[PDB]
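Note: ideal-geometry Cβ built from the backbone for every residue, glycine included; neighbour counts use all protein chains shown. Every number in this text was worked out from the coordinates using simple rules, so none of it is lab data.
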Amino acid sequence: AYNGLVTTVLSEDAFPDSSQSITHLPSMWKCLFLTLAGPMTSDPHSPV
Amino acid sequence: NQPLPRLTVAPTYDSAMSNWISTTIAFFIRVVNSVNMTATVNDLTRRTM
């Protein structure tokens with residue numbers, strides 16, 4: 001409702017670091033839980 | 001050198017190190033099984049080397 005005043009971005013700690021490969025299992029659930037919480041966020045850069 | 005891999009790595013023998021290591025052993029298998037070592041070193045302890 002208060003989009004434009006405050007956007008609820010994905011958190012800093014949500015992302016897997018960009019050196020870990022996909023074969024690490026705790027690093028793909030960290031990407032899986034990110035993807036499902038994608039459209040929930042009002043950040044317009046969430047799909048990227 | 002070769003650039004850094006990002007997947008799971010395993011010890012491979014395509015290196016220049018492995019080219020250097022395997023050819024020294026391939027050379028000292030020749031020195032051990034040469035004629036000079038044949039006349040002195042016993043044949044069963046030559047197989048050990």
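Between segment B:25-49 and segment A:1-28, how many Å separate their Cα centres?
63
Rg and Dmax of chain B, using alpha carbons, in Å: what are they?
17.1, 53
Can you sort B:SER22, A:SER46 so the residue with the fewest Cβ neighbours within 10 Å comes first?
Taking fewest neighbouring Cβ atoms as first place, the list is B:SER22, A:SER46.
With a sphere of radius 13 Å drawn around the Cβ of A:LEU34, what net charge do the other residues whose Cβ falls strictly inside it have (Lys, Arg +1; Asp, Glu -1)?
-3
Using θ = phi - 60° and the Karplus relation 6.51 cos²θ - 1.76 cosθ + 1.60, list the HN-Hα couplings for segment B:18-34 in order, rounded to whole Hz, with x at every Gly or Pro.
Couplings: 5, 5, 6, 5, 5, 7, 5, 5, 5, 8, 8, 6, 7, 6, 5, 8, 7 Hz.
Just going by the charge dipole of the protein assembly as shown, with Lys and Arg at +1 and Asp and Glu at -1 on Cβ, which of B:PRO3, B:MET49, B:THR24 is farthest out on the positive end?
B:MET49
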